Structure formats: structure tokens, C-alpha cells
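J.: sequence unavailable; structure follows:
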RNA sequence: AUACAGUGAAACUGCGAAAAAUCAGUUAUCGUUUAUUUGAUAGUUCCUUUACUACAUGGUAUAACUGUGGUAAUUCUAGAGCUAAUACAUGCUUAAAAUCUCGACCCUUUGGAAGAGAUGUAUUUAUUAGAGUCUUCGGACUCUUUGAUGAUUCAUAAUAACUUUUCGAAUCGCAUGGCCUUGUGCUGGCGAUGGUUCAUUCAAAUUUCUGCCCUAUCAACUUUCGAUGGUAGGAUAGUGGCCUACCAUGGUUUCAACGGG
């Protein structure tokens, strides 16, 4: 158990969207990990009201460390993705009675929201994101202006 | 019987034997024999019309003998896809009979068979079971995300569970139907579903006032869910025709139901309650009485 | 094969689980009375 | 100025709700470092991020507490400390002079002066060579 | 099988082959335990050689603190009891004035229980408070006035606690480990640093104010009324030169 | 002994064969694994169940074996058919549940209770919590609700989901006992293995600092192909440029860095 070597690495998972595949990988000392390869779905959660749903991810539109990952549509941690917005819209209509915040009510009728990945599906085994709302929504709208 | 079903799988005269078997399958070792006969029959005209309805029942549910076998659902979906856009719906329903990505993709006969196979393969898989909670939440999410779908879901609930005496005024099947009504009202055709749920709650009340703990817990959950359904809906004719005997039996007991009596009394709700009237007894007979008094006043 | 031994073993397993749960939910109530008297002093 | 990167400066598992309101914008988390080290109000109400702060970040100080003096601040968010301890080997028969150098992680909640005396604590590894952490000047 | 430099308070013979026994995993550490091979082979001499010790272990004659533990390399370390059913014997193994494992012949009514210092009090699972002790008996539902570095009295029929000695300034103490081993008495000073190197200071018949590490000390009971007996005049280490001057 | 029973070839299985450079120590793991031993550890798998159900317990897929050969040798082989499980792969666990509140009412309580309500673990997130009198003179009258650490975003509980899935015993040797509804009926012991999580144990892993020869006719070394830091990510049992991007241009040193034996 747990020897040491000098200098090497391994090949990344660098997962995509479409044809979700999960490959298990051997971990020394419990917690047998899972590399997600080309995963197309994810668990996405509202921050304020606190409701998750599994949702088809549409695509990552921003990455803060490599712009080429947005071109290749790579799902790492801390990215900006679009998903569906419809089950969160369904819960919103069902349990608030509004049947529609300002800058997310403007995103509802646009159709797709923005969220942040918090798992590491290259190593963990699943993808989760929470829908950005508040000052995170402010700086990421400024990051949309940094896009345009 | 198993040897003869194996010979029929090894098989004009086969269609005439299929007509006689269509009579026997419209009527009703038997589980493995039914599996072998379904695997044979999935590989006439009016016997075909009746067998399409029987296979739609077997791909919408496995209600009487078993409870939602996945092999039975696969055999019934293969028989329905052999009987009857259509290719894309068939591939999505086949991946659903194989559930997460299929529900994410499928989020009008194809819609009927879709609600059929979805509530079949997640027809109350268990209580918790470390995956049945997620499966029941997935079925509720698909039923809320797919009005014809909810209408067909209430139609299947009423098809599980005469009606004239059930609207005017089998213990184990009634407990199974009460669990079905609790599971149906567990979701986040309205008049027929309310009539069937009121009939189930009234028959549970009668058979409980006459397994007993099963009827007690099912009647309690069904009454709380009925109060929740009336509070989430908010017609007074069938409302009075349902509430009359229930509140009459709960006349002395009311000294769930109290929250319904306090939620159905706060303008048009006040007219709906004064159509019945008791209320001073509900006020006098504790925070559970204090909230009712200092709201109802 | 269902010999008389195997279902006796299954019976002993079930009674083992129930008896362990009984003793544990007795000890929890005993600690509850002990925390009650520690509150009272 | 707070934001200085392509990524938003995140302090995870602690976030405000927009429907509730306060004059803090995030329930800002702080901790006392221990061994009598006391957090300052400038480090508390400074809205800096510092994911490697030993009062508000993720790291916790423990064990060795050394002293030293600042020799340079010519690195981005890391400082270098000198220790010119008095030294004696019996081959010399004299109080000879050496010096010891180390890099130490630094926080934006504290001024830095080349020459003043800093008290440094031991923490988890932070860089290729930075292992310690500033806790108090 | 690495050996020949054992913990030298075991006092094995050096012309006894080459190796020395490896204590397996168990309730105590490596160099503060004593396995039953070293016990029954060269500490009281009931069996000559190690396979005969394995015979008397396999034949269920020996039980450490309640149950049998049929194992040669079983590290039955400090403060437990060994109830040899034949020979009517209750070996409690405690410490001495010099650093060895002194033996007793305990009565049955005292051998029915054992004690030990706790190491932590925690909340385990489903909100259940459980304590540990030094020999790994992580036991549930204490009295929640149990503090760290305190002693409970395990019942040894069940694993329950019958009593505890809430240590503070001034209740009778034992020591274990370090060069001030085998001393008693608890009342001079109570030092508390931040990071160890602290003791409740000691007072004896000669009132020797002594200290060690707080990990190297644990409690027994009230002054003059101890819960455990102690070997050979309740070990003091006055002086051997003064002993040969007086007697 | 018409399932076998103690004996045991062979084989399957289970386990174990893992010249500040080295180090001697020291510090932490609130920055990881935690196999083996030891101690506590878990009622929840079907109820669109009466045209009522695999659990008195369900399925393959093969060794050894039998048979056909090759071959020049044997620690070489190909084909075929059998037959097992703590191997492999599924899988339901019978007052359908069961337990604690509230216990009004009675009858006097140490109750017995009609009905108002709740109930696993694991994985990955996002939160939240986690900080002066009356006095039968005897006592009471409401009191200020939380574990530990020097230190937590710790331990843990709940919340809303996702689980390609986790576990929640389809196992084994000895005795055969108590009951009465004499039925292959209900229950029952000693303890071998396996499994969830926590603690302990050893074992591994880094990491802290104190310490070794001769040198300046040895003073510059390194950013190339990250040399020195930040930020995010990949990874990894894991921190950490260990690597990938963008930003900054550093770091070591004459007290002998760097090189020479």
C-alpha cells in the first residue's frame, strides 16, 4: 500500500455531452471511483428554494481556465452551462402560484438558465450544478458581457 | 401446462389455438405459464382487438397476480410493438422498459402507451428500498412534466378501483386500493377521480369501523391526502355529497380533519361550510384548538 | 435443500435482529432517563 | 478591489439567500486560529476571499510557531522570511553567524513591511515550497 | 518477523534463539503491552515452550477480561484481568516501581470488573453519545459528565459503566509510561499548557512533587481508598540505599 | 442411515506471498489509506397484492472427471460432454410492517387506550443547526436547549434530489430442547464465516525542523520543455505545479549558491 514514484501522470477523462458512459476505476484504499465519459445528463439544483432535479444538460458556455474546453464542450467543475429550466419552472408554478427574481424570470421565457458545476465528474462519477442566483448571477452576467 | 406452452412456443391451427388462448387470456405454475404464453404470443382480427387491450393492460400494469414485473412489462411491450413517429416512440418506450435518460428524453396513442409503460415500470416499486424512493419521485416528476397524461393517470387509478352505491353510501383488495389511492394522491378526470377516492375512503371507513391497522393507516393517509387535495383545488354539490357522511361519522370525534375544517372556512369556503352547518365544538375542543379559534373567528 | 436445520437458522437470524433492536431501544430509553435526572440535578 | 481573475472568487458551502436581506451580502465565515492567536476586525470585515487564510479560508494552524523578519515581498501573494540564528560548532570556538530562509504564504488582510518582525505558524503544504502561514505580525 | 530488540521491560532471555514475539493487532500499543507468550513462558513459568503455551491457550483455560481469546500473540496490555479458571487465579497485570509488569492474585469480587482511562467522548451515529477507553472498548450511552482523560469502571459481565472517577484537583492517581513509572498521589499542582507537557503533580509519603506528560497518567480513585490493589507495598520507590540503611 | 454424515486423492474457493544525497531523531496529518485483531454496531428489499404472491429459500457455468488427439521433449496443449458453492449473477424477507410520541377520556394508573403524527444506511451536491417569589418548611412555583478541540466548513442531525450501484446473511459444524393449536406446527442454544459505519491496533504515506569531509588560480546558478508564486481545473488514496491554462518575473547566493573528488 501507498508506495512513491518520481514523476508521471495519467490520461484525463475530459468528458463530453452525448452518449453517457461511466467507467469505474480502481482506487487504493476503498471508494472505487468512476470516470464519467461523455455524460449527457446531470443533477441540477436551485440555491434559494432548494430543489434538485435530474436534467438534460444542454452545453457549457463558459470555462474560466481554458477557452478551448467550451469549444470541445468539456464538463469539468466550475463551468457555466445551460440545461432545460422546465422542471424548476414546473415546481415554481406548482408551489408559488405565480405561473410565470427578476433576472431569472427574464431567463425562464428565454428558456435555458445558467448554472455552476460543483462535482468533478472526471473523477467522482456524477455531475451536479447549482443554478447561479445573486451576486454570482451578477458577476456571471458580467461574464456574459465578457463573452460578448 | 409448461410443456404445452413450450410446444406452442415451438410452433391456421396455431391461430385457432391463439383464438382459444385469447378467450382464456381475456378470462385470466400460472405465473411461469403466463410468462411462457406471453413470450409465445409476442412472436386474428377481433381476437386481436381484444388481445391489444389485454396487452395494453399488461403493459400499463401488472395488478392482480403480481406487482409490476419488468419481464412481464418487456413481454407486453414487445407484444404491443408487434401489434401496432412510431419507430421513434417505440425506441424511446423500449429504452424506458429497459429509465433515467429515457424519462429525460420523454419529458397520441404513443402518449397513452407512454403513461402506461411509465406507471407500469414505476408502479409503486416499493416504499423506500434504496431505489424505490427515487423511482417513485421519477414517476411523479414524469407525470407532472408530461392534461391528457394526468387524466389517463387518474383513469388508470380508477381502472384499478358498484359505483352507484359507492357514490350513495374485499378487505385486502380494498387495502390495496387504499394504498393505490394514497400513492395516486401522493403526486404533486377530476370529478371521477374525486368520486373514486371518496368511495375508497368511505369503504375504508366502513370496513375499519366494522389488517385493521392497515386499514387505519391507509384511511388516515387517505383522509389527510383528501384534505390536501381539497386545499390544493379549492363545485360544492359533489363536495357536500362526499363530506356529508364523513363529517357525520366524525361529529363526536372532531372534539387532518380539523385542518380541513379550518381551511374550508376562509368567503366562498365559508359558504361551503355553512352549507353543512358543530363548529363551536370544533372551536372549544392547546395550540391545535387555539389556531382554529383565532383563525375561524 | 430445505432440511429442518436451515429454516431454524433463518428463524434464529430473525430473532437475533429483533432481540438486538430490543436491547438497543431499551438502552436508549435508559440514557433518556439518565439525561432527565442530569437535567433535574 | 476584490475580483481579479477569470473565475469568480468562491468560498463554498456558505452562501446568502436573495430573498433574505442583511448588510453582509454573504454569511461571512471566520475562525480563531488557536494558541492564543486572535483574529482582527480588519480580517473579519475585509471582504477579501483568501481560500488559504488561517482565519477565514480552509487551513488550520497547528504545531510549530517560529519568528522571523521580512526579507522581500517580491512575489505574488507569498512573502520570504529570513532567520539569522546564532550558531556554534566546537570546531570554531566562536559564536558564528548563519542565516535561514523560507517562503511563507501571506494574506491580504495584513500590511507587509520589509524589516519588521513576523510570527509565523506551521500549517499544511500550500505550494511547492510554501508550508507555513502568517498568523500575526 | 522482525525482532531481537524487543521492549526490554519484557525481560526475555537473550540465549533463547534469535527472535522475539510480535504482538498482533489488539487493544493496546506495541511497546506497552505484553502478549500471553511472554506472560506464560518467561514471566510466571507455567509452560516451558511456546507451543505448549499454544496448547494451554487452545484448551480454553485462560480468559482475558471475560472471554477466552484463544491466541498466542494477543496483546493483552495494561490494567485488564486474566481469570485463569483452573488455579483459581485472577492475574491483574499492573506496573511496578522499576518498569516491569508486576502481577497480582486478585479476589474474584474485584476481578469481576476492570477500569481504564477514556481517550475521547464523541457522538457516533444517529445522535448517539459514545465514549472510548484506552483498550478500545468503545461503549455507548455514558453519563455525559464524562470528560476527556477520565476513568470509567467497566462491569465486564456486560460492557456497561458502574461508576466513574471524575478527575479534578485531588483524587488518587496512577501513572503509566515514562521514567516516573509506578507512583501515586495527585495533590501538589495541576498544570495545563497548550499542547501537552503538563501534569497533575504528585504527592506521596515522602511528598515527591513529580510530573510527566498528561498522556502518561490516569486516575484510580479517592486518596487512601483505591479501586485497584497495588503490588509490594503500593509502589513508592523510596530508595534502595535507604532500605539497606534501615533494614 | 434410500439426500449426505467420521476417513480422504484431486480440483474449485478463501488468505498470504509487496557527500543535506542515505539517514539518526523531532512535528503534524483539523492533508491521506486504514487490510488483519479487538469493541460497539441494522426490524424499512413485495403491497396499480383477492382471479394472493419464488422465502420451507430461485438461476447459470464450469474445475477435478470422462473421451478424442497432436508432440521431438514437458510446469505444452485443442475439441466435446457432464457436476458443486461463502465462486459468479440475481433476489423477497408475513400481527405488512413494527416502534415512539399526544396521550383527551376513564379508573385510578407503574395503566389501557379510540385516533391527531413520524420512521434505514451508502454515493454526489446545495443549505440549515452545529452558540423573583409561594412556602404544609419538606420542598416547590419554569427554567434560560446541546459533544469535543488551542482551533473548525469538525463530529452529528434534519432538509430537496440524483443513485448504471452500495449494504441491510439464499452460508456452515455440533446438540436436539420448551410449548400444544400432535402439525413435519410454533419457537430455541453454543459460534465459524461474510457485510454497513465508527473507534483502537499495527502497517504505509508524505511533511516540520537540529545535525556530516576538502574547496572561490570553484561565483553566479536557474525560467528550455513552468524556473519562482497566485487563481481555476485536470488528477490522486492525497496536500502540493504533480501536471493543464491565464496573470506576475521570479527564486538561491559570497555567511560560500553552483561545480569539482
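T.: Sure, I can see it. Numbers count the residues shown, from 1 in each chain, chains lettered A, B, ... in the order given.

J.: please name the residues that touch residue 28.
T.: In the absence of a named chain, this looks at chain A. Neighbour list for residue A:28: A:1, A:2 [criterion: Cβ atoms under 8 Å, 6 or more residues apart in numbering or on different chains]. C-betas here are computed from N, CA, C, even on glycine.

J.: wait, I meant chain E there
T.: Taking Cβ under 8 Å, 6+ apart, we find residue E:28 in contact with E:75, E:76, E:77, E:78, E:134, E:135.

J.: the third one touches residue E:36, doesn't it?
T.: So that's residue E:77. No - counting by Cβ atoms under 8 Å, residue E:77 stays clear of residue E:36, with 11.2 Å between them.

J.: middle-most residue in chain D, spatially?
T.: Centroid-nearest residue in chain D: residue D:134, 3.0 Å away (criterion: Cα atoms, centre = their mean).

J.: you'd agree that one is in a strand?
T.: Yes - the assignment for residue D:134 is a strand, going by DSSP: H, G, I helix; E, B strand; the rest coil.

J.: what about it, distance to residue B:200?
T.: Using Cβ to Cβ, to the nearest Å, residue D:134 is found at 71 Å from residue B:200.

J.: circling back to that earlier point, from what I can see the residue nearest to the centre of chain D touches residue D:117, true?
T.: No - Residue D:134 sits out of contact with residue D:117 when judged by Cβ under 8 Å, with a separation of 12.0 Å.

J.: grab the nearest non-local neighbour of residue A:101.
T.: In space, and not counting its chain neighbours, residue A:101 is closest to residue D:18: 6.0 Å by Cβ to Cβ, 6 or more residues apart in numbering or on different chains.

J.: and residue B:278, by the same measure?
T.: Per Cβ to Cβ, 6+ apart, closest to residue B:278 is residue B:251, 6.8 Å.

J.: quickly note the distance from the one you found to chain C.
T.: Separation of residue B:251 from chain C (Cβ to the nearest Cβ, to the nearest Å) stands at 39 Å.

J.: burial measure for residue E:165, as a count.
T.: Number of residues near residue E:165 (other Cβ atoms under 10 Å in any protein chain shown) recorded here: 20.

J.: ok, now residue B:121?
T.: 24.

J.: do stretch E:26-43 and RNA strand F meet?
T.: Yes - contact of stretch E:26-43 with RNA strand F (Cβ under 7 Å from any atom of the strand) involves E:26, E:27, E:28, E:29, E:30.

J.: number of residues surrounding the nearest residue to the first one once chain neighbours are set aside?
T.: Spelled out, it's residue E:26. Computed as Cβ to Cβ, 6+ apart, the closest residue to residue E:26 that is not its neighbour in sequence is residue E:75, at 3.9 Å. Neighbour count for residue E:75, taken as other Cβ under 10 Å: 21.

J.: do the same with the one 3 residues further on
T.: A count of neighbours around residue E:78, defined by other Cβ under 10 Å, yields 23.

J.: ok, now which ones touch it?
T.: E:28, E:32, E:33, E:93, E:94, E:95, E:134, E:135, E:176.

J.: sort out which of those residues are buried, if you could.
T.: Applying 16 or more other Cβ atoms under 10 Å in any protein chain shown to these, the neighbour count classes E:28, E:32, E:33, E:93, E:94, E:95, E:134, E:135, E:176 as buried.

J.: output those as CSV; include the columns secondary structure.
T.: Putting those into CSV (three-state DSSP) gives the following:
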residue, secondary structure
E:28, coil
E:32, coil
E:33, coil
E:93, strand
E:94, strand
E:95, strand
E:134, coil
E:135, coil
E:176, coil
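
J.: need the max-distance pair from those residues.
T.: Taking Cβ to Cβ as the measure, these span a maximum distance of 15.1 Å, between E:95 and E:135.

J.: circling back to that earlier point, dump the buried ones among the contacts of residue E:78 into TSV; add distance to residue B:187 as well.
T.: Formatted as TSV, the buried ones among the contacts of residue E:78 follow (distance: Cβ to Cβ, whole Å):
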residue	distance to residue B:187
E:28	59
E:32	63
E:33	62
E:93	67
E:94	69
E:95	70
E:134	56
E:135	55
E:176	65
